[PDB]
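These notes are about the structure you will find just below.
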Amino acid sequence: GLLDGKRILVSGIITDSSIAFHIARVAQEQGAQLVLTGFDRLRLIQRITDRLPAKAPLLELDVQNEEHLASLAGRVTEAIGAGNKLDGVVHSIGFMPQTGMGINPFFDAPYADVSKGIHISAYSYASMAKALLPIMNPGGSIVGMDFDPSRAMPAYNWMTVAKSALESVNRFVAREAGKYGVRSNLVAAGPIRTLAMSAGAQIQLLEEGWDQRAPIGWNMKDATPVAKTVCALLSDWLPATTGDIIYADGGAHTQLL
């Protein structure tokens, strides 16, 4: 039980292909007691979370909603029992409107759309940390999901910009979280077939290039390797790593080709 008796909040489950879902699954297999947050289709999310190996309370959280953030810590402590604190927080939340992504030209995305995407994808990592650090134990771990944005690439467009912002936000969260003995890190995943992927020739070349570049290969169908990596960061086995990015991408980013 890598996470034996750790209390861990996990956001961002929308389907059972969600990366968050597999993080939640692997964490429970490893003895973690979870609290879960879900955004919009709460009834649907409850049905999806029923398929996890264990029961976990489900709280409503719209990261754009200031009231939800203000009430979050109180709602969490109620669910885990007063006197108890969190050892773990997982941010697995991303969004960018269609105008900011894919076939749509980079220059045509209006700021309102980009701003919303940045709000949800980058700024929310800080506001979740603000809301939850007060109910976190020393030795604890905050973890967010990243996609390496250090080089530009077709299609990913303004979401790349959002991820660049996130990485920077992560380094500042690490400063604040350090005052509580809490670590903050990001996991940079290779591409994964999720619901979000749903929203062409260049993206396929990027994927296949992925497996080819990855010295141990990469399998877009399998979220388990990134779930494990996130669990490794939630654990006590990376105690001197903070403000940082761990690459769970088959090693692809270390190879030019």
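At a Cα cut-off below 28 Å, give the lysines reachable from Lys228, other chains included and same-chain residues fewer than 8 away excluded. Leaving aside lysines fewer than 8 places away in the same chain, those within reach of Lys228 are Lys6, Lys55, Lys85, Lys130, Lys163, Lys179. Bridge orientation summary for the chain: considering DSSP beta bridges with both residues in this region, about 0 percent are antiparallel. Note on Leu42, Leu133, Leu238, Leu233: ascending count of other Cβ atoms within 10 Å places them as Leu42, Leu238, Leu133, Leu233, the fewest first.
The simple Förster model, with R0 at 22 Å and r as the Cβ-Cβ distance, assigns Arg51 and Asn84 a FRET efficiency of 0.30. When only alpha carbons are used to place a centre, region 160-176 and region 216-246 end up 18 Å from one another.
As a rough footprinting exposure proxy, the listed residues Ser141, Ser168, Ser92 were ranked by other beta carbons within 10 Å of their own, and the order from fewest upward is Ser168, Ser92, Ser141.
At what distance in angstrom do the alpha carbon centres of region 8-55 and region 100-152 lie from each other? Their Cα centres are 20 Å away from one another. For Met153, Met128, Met101, the sequence from fewest to most other C-beta atoms within 10 Å is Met153, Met101, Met128.
No lab work stands behind these numbers, since they all come straight from the coordinates. Cβ sites come from the backbone with ideal geometry, for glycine too, and all protein chains shown count toward neighbours.
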